[PDB]
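Student: Below is the file data07.cif, with mmCIF, C-alpha atoms.
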```
data_data
loop_
_atom_site.label_atom_id
_atom_site.label_comp_id
_atom_site.auth_asym_id
_atom_site.auth_seq_id
_atom_site.Cartn_x
_atom_site.Cartn_y
_atom_site.Cartn_z
CA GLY A 106 141.81 124.64 82.01
CA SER A 107 140.47 123.27 85.29
CA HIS A 108 136.91 122.16 84.53
CA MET A 109 135.14 125.13 86.13
CA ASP A 110 131.50 124.54 85.20
CA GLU A 111 129.77 127.90 84.73
CA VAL A 112 126.03 128.50 85.07
CA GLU A 113 125.34 128.57 81.33
CA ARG A 114 128.00 125.88 80.84
CA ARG A 115 125.24 123.29 81.25
CA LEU A 116 123.22 122.70 78.08
CA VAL A 117 119.76 121.17 78.52
CA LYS A 118 116.46 121.01 76.63
CA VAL A 119 113.87 119.57 79.02
CA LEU A 120 112.16 121.67 81.70
CA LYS A 121 113.45 120.18 84.95
CA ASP A 122 116.12 120.72 87.61
CA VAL A 123 117.38 119.55 91.00
CA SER A 124 116.83 120.64 94.61
CA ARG A 125 113.55 120.53 96.54
CA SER A 126 112.61 124.21 96.25
CA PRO A 127 112.84 124.98 92.50
CA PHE A 128 110.36 127.84 92.93
CA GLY A 129 110.80 131.00 94.97
CA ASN A 130 111.83 134.67 94.89
CA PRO A 131 110.88 136.83 91.86
CA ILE A 132 112.99 136.70 88.68
CA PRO A 133 112.54 133.06 87.51
CA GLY A 134 110.90 134.26 84.31
CA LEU A 135 110.52 130.93 82.52
CA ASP A 136 108.25 132.11 79.71
CA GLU A 137 109.65 135.64 80.01
CA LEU A 138 113.18 135.15 78.65
CA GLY A 139 111.58 134.11 75.37
CA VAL A 140 112.63 137.21 73.42
CA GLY A 141 115.36 139.05 75.31
CA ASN A 142 119.07 138.24 75.19
CA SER A 143 122.25 140.04 76.28
CA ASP A 144 126.01 139.49 76.20
CA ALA A 145 127.82 142.77 76.85
CA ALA A 146 127.23 146.29 78.19
CA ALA A 147 126.01 147.06 81.71
CA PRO A 148 122.29 147.19 80.85
CA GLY A 149 121.63 143.71 82.20
CA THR A 150 124.22 140.99 81.66
CA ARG A 151 121.67 138.18 81.61
CA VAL A 152 121.88 135.50 84.30
CA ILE A 153 123.64 133.33 81.71
CA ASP A 154 126.55 135.75 82.14
CA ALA A 155 125.53 137.30 85.46
CA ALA A 156 127.50 134.66 87.36
CA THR A 157 131.14 134.88 86.27
CA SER A 158 132.11 138.54 85.93
CA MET A 159 132.53 138.86 89.70
CA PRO A 160 128.83 138.64 90.67
CA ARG A 161 127.64 140.57 93.72
CA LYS A 162 123.99 141.59 93.32
CA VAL A 163 122.10 141.40 90.03
CA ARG A 164 119.48 144.15 89.95
CA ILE A 165 116.20 142.89 88.48
CA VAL A 166 114.51 145.52 86.32
CA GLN A 167 112.15 143.31 84.30
CA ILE A 168 111.60 139.97 82.57
CA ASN A 169 109.44 140.23 79.45
CA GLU A 170 105.67 140.02 79.93
CA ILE A 171 102.78 137.87 81.15
CA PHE A 172 101.39 136.70 77.80
CA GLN A 173 102.51 133.16 78.64
CA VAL A 174 101.28 131.87 82.00
CA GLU A 175 99.35 128.65 81.40
CA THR A 176 101.19 125.99 83.41
CA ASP A 177 100.33 124.23 86.68
CA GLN A 178 104.05 123.92 87.41
CA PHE A 179 104.54 127.66 86.96
CA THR A 180 101.75 128.26 89.47
CA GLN A 181 104.23 127.84 92.32
CA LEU A 182 106.84 129.97 90.55
CA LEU A 183 104.22 132.71 90.13
CA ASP A 184 103.97 132.99 93.92
CA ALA A 185 106.63 135.70 93.70
CA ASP A 186 104.86 137.50 90.85
CA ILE A 187 108.32 138.52 89.62
CA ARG A 188 108.56 142.08 90.94
CA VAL A 189 110.46 143.89 88.19
CA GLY A 190 112.83 146.38 89.79
CA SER A 191 113.86 144.32 92.82
CA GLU A 192 117.39 143.24 93.71
CA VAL A 193 118.69 139.67 93.78
CA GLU A 194 121.99 137.79 93.57
CA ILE A 195 123.26 134.61 91.90
CA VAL A 196 126.09 132.17 92.60
CA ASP A 197 127.41 128.86 91.27
CA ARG A 198 127.59 125.62 93.25
CA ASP A 199 129.22 122.35 92.19
CA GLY A 200 128.56 123.11 88.53
CA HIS A 201 125.03 124.47 88.74
CA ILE A 202 123.01 127.70 88.62
CA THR A 203 120.93 129.04 91.51
CA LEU A 204 119.54 132.51 92.22
CA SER A 205 119.95 133.50 95.87
CA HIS A 206 117.36 135.99 97.14
CA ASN A 207 116.48 137.22 100.63
CA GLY A 208 113.82 134.53 100.71
CA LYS A 209 115.76 131.47 99.58
CA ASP A 210 117.75 129.92 96.74
CA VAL A 211 116.19 128.75 93.47
CA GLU A 212 117.10 126.50 90.54
CA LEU A 213 116.35 128.46 87.37
CA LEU A 214 117.43 126.01 84.67
CA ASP A 215 119.54 127.26 81.76
CA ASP A 216 116.22 127.55 79.92
CA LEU A 217 114.82 129.86 82.60
CA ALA A 218 117.73 132.18 83.35
CA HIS A 219 118.74 132.37 79.69
CA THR A 220 117.53 135.88 78.86
CA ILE A 221 116.20 137.60 81.97
CA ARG A 222 116.00 141.37 82.43
CA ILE A 223 118.49 142.06 85.23
CA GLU A 224 121.69 144.08 85.71
CA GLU A 225 125.34 143.49 84.84
CA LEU A 226 127.11 142.63 88.09
#
```
Written as structure tokens, that's how I'd like the structure from this file.
Tutor:
Amino acid sequence: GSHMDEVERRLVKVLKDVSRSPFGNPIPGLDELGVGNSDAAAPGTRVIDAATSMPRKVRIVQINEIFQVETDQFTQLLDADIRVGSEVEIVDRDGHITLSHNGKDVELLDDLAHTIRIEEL
């Protein structure tokens, strides 16, 4: 093909990303994805896929839970409090994933936006 690096195309293990504002807007459920997982059907396409099937506005309905929330780094990401039921959008950029929300754009590593509870664009 022609390269075309998708959002989930990048495979990482560590918990780090680029940009200066990695935190912001609700939806970056880092410890939330742990459990969920989609692939087809409208009922949430999962960020991993919600960025190739002609994305427009991924509707956030949920994430997972709060059980896990013991991290100083997540403290800044918790500023949004992930409001399940909101409405956000995602878009690629030079082979990278970033959720664009009214507020600003975020990073959301492949480990973060792996199994979020959103809608199928």
Student: As an exercise, work out the distance from atom CA of residue A:164 to atom CA of residue A:203 in Å and give it to one decimal place.
Tutor: 15.3 Å
Student: Between A:137, A:215, A:194, A:170, which is the closest to residue A:113 once you count all atoms listed in the file?
Tutor: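 Ranked by minimum distance to residue A:113, first place goes to A:215.
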Student: At a cut-off of 9 Å, using only C-alpha atoms, what residues contact residue A:126? Leave out same-chain residues fewer than 3 positions from it and give the result as a VMD selection string.
Tutor: chain A and resid 123 129 209 to 212
Student: On this structure, which residues satisfy the PyMOL selection byres ((chain A and resi 114) around 9), written as a count of residues only?
Tutor: 11
Student: Considering all atoms listed in the file, state which residue in the set A:206, A:196, A:120, A:214 is at the smallest distance from residue A:161.
Tutor: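 Between A:206, A:196, A:120, A:214, the residue approaching residue A:161 most closely is A:196.
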Student: If I take atom CA of residue A:224 and atom CA of residue A:175, how far is one from the other in Å, to one decimal?
Tutor: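 Taking atom CA of residue A:224 as the start and atom CA of residue A:175 as the end point, the length is 27.5 Å.
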Student: Go through A:195, A:145, A:183, A:202 one by one, measure the shortest atom-to-atom distance of each to residue A:131 using all atoms listed in the file, and give the residue with the smallest value.
Tutor: A:183
Student: Need the shell around residue A:143: protein/DNA/RNA residues with any atom at most 12 Å away, counting only C-alpha atoms. Skip same-chain ones fewer than 6 positions apart. Format as a ChimeraX atom specification?
Tutor: /A:149-155,218-225
